[PDB]
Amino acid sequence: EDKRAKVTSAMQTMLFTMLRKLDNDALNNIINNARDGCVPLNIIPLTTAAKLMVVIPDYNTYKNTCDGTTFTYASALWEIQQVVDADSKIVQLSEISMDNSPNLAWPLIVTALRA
């Protein structure tokens, strides 16, 4: 696996170098979010009202993407439907405040639909 892994590390380094050369707003968004631990759980859909599930690691990333019931991601707007914690317990949108932030079981999971 030693000879095989060196080719994998070389092809993956080339992959993101090409993506970095594209400089696409929607591509840079999902890559930068993935760097902060904000990764999707399924294939990002393109049809309207389709399910998307993203992970939000900390509260500082939540306010950067969520505004009210709208969720901005991949250069698109998403209508939030469910919010759960690490124990699969549904969390209301009113609980997520700056005062109640360190009381929830981070990270959370947002199930939203495309606009």
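Start at 1 and count along the sequence shown; that's the residue number.
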Mean C-alpha B-factor higher for 92 to 100, or for 16 to 24?
-> 92 to 100
Higher-B stretch (mean Cα B-factor, as the entry records it), 26 to 34 or 76 to 84 = 76 to 84
Could you tell me which third, lowest, middle or highest, the C-alpha B-factor of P57 occupies within its chain?
-> middle
If you rank the chain by CA B-factor, which third does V39 end up in: lowest, middle or highest?
-> lowest
